[PDB]
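The chain below stands alone, shown as structure tokens; this is the form deposited without the ligand.
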């Protein structure tokens, strides 16, 4: 409807797939080559469904910071016959706060969903479902199950993926450029 939603749609329509694990359907962001991200709590195994196609997982890493604290991002390399548009140049280099963010989700259940979540806070530490978690972004929107893996964008930047919420607020794990140095 405006430039915020224009940037979000541009990411969703080229750089997401529907990922299915035994824990459910997730919005999965593709970053470059056959490399994609998903919340760690999706529990990625050796085989994953990608747009309902059985797909071997070539590698997967649940990321932690150098303090050995959970980041709640799993980076997946997919045995797929097609590369993602390379969007690594939209990723921020540093931890930050933002204005005017959009949370965008695409599953069988929530296709073509865009939420204007507003101001994004560099919240930092959160006890997320009993897991100490670092580099958490917070927005004041009442997010619901089905939105995990949702992409958080400003105009010009892909800043994070939705990983949880408490009924009043939503929580995203930061994406940083340094996660995807080739």
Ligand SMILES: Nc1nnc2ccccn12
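Residue numbers count along the first chain shown, from 1.
There is another form of this protein, the form deposited with the ligand bound, and it is not shown here; the text below is about that form.
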Give a yes or no for residue 29: in the bound PDB entry, does one of its heavy atoms lie within 4.5 Å of a heavy atom belonging to the ligand? no
When the contact criterion is heavy atoms within 4.5 Å, does residue 66 count as touching the ligand in the bound PDB entry? no
is_contact(residue 148, the ligand) in the bound PDB entry, heavy atom dist at most 4.5 Å: yes
When the ligand is considered in the bound PDB entry, the residues of 141 to 162 having a heavy atom within 4.5 Å of it are 143, 144, 145, 148, 162
